[PDB]
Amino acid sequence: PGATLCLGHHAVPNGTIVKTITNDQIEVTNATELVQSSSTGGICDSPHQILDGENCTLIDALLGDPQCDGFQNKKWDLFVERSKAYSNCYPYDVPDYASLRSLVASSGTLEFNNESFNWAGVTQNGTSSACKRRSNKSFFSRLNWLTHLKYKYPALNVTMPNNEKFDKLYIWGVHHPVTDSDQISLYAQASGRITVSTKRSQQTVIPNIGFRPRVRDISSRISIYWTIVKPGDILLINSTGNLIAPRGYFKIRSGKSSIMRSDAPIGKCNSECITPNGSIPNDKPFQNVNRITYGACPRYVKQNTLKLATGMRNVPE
């Protein structure tokens, strides 16, 4: 009689369909998903330092809009900007806004140091009803609106050396009055011109008098500029009117900081990978949640699912 000895392999009743080089649909005993397609819906507050902008854009927190005083000197790994954020100060624009936003986001700090600028012969600390704190007329916290003193505005020619070991970021502005009579009532002369320079750079800006549409009841504008001053260099401000003066400088650092637009709530939890949709697990190599990511994240791909076989071909009985 003898015996029979059969060689074989396992199978399962419930196999999984995968793709190969030669077949778009072949059943294997087991597979694992390589694309992360879901988020928790919230941004975990750990392990990255998250700063929720709430009502404030980064630039409003920089300039010191009345709703953003809580942000002074704060640092972040990720600044989260909300779609509802709105400005509540004097109407302004920033030529190159995207660049200033980027460079501050990347620096990751609003650390500010006051400096004693000698604004000889002018009135300091100008305020406006378009920028209230506690119903008092106010202004951007980090800027100094200079105006005439006893109907004179003598030329400014003011220096601030950088004797630090680090770079300084200066934010400053030019005021564009609505009319020629406004120009005279504020600055006591028919126009201005502002030149801000260092040993290696120069910027001159001309105020442009005229009407813009009313925003928070103001038809004038402020235009915001910035200047970086290296160790051993010197800031020189030379102006005859219309200067929205710096009060000091911001520290500028380098590191891993960034900014993200999201309306996702911040939660008490721990996740390395942040998207605008919320944090996502990062076990998988790929994800199709969002191209926008921050941290140790799977790579964004177009596919919904990619199944990696983890077993043999399934050949059921």
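The first residue of the sequence shown is number 1, and the count goes up from there.
According to the PDB record, 33-41 carries the higher mean C-alpha B-factor of the two stretches 33-41 and 285-293. Between 95-103 and 112-120, the higher mean Cα B-factor belongs to 112-120. For the set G53, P66, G278, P47, the PDB entry puts the maximum C-alpha B factor at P66.
Going by the entry's values, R133 shows the largest Cα B-factor out of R82, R142, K74, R133. Sorting the modelled residues of the chain by their CA temperature factor places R261 in the lowest third.
When the modelled residues of the chain are ordered by C-alpha B-factor, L186 sits in the highest third.
In this PDB entry, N23 carries a Cα temperature factor that places it within the middle third of its chain's modelled residues.
Residue-level temperature factors show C269 in the middle third of its chain, judged at the C-alpha atom. When the CA B factors of the chain's modelled residues are split into thirds, the value for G311 lands in the lowest one.
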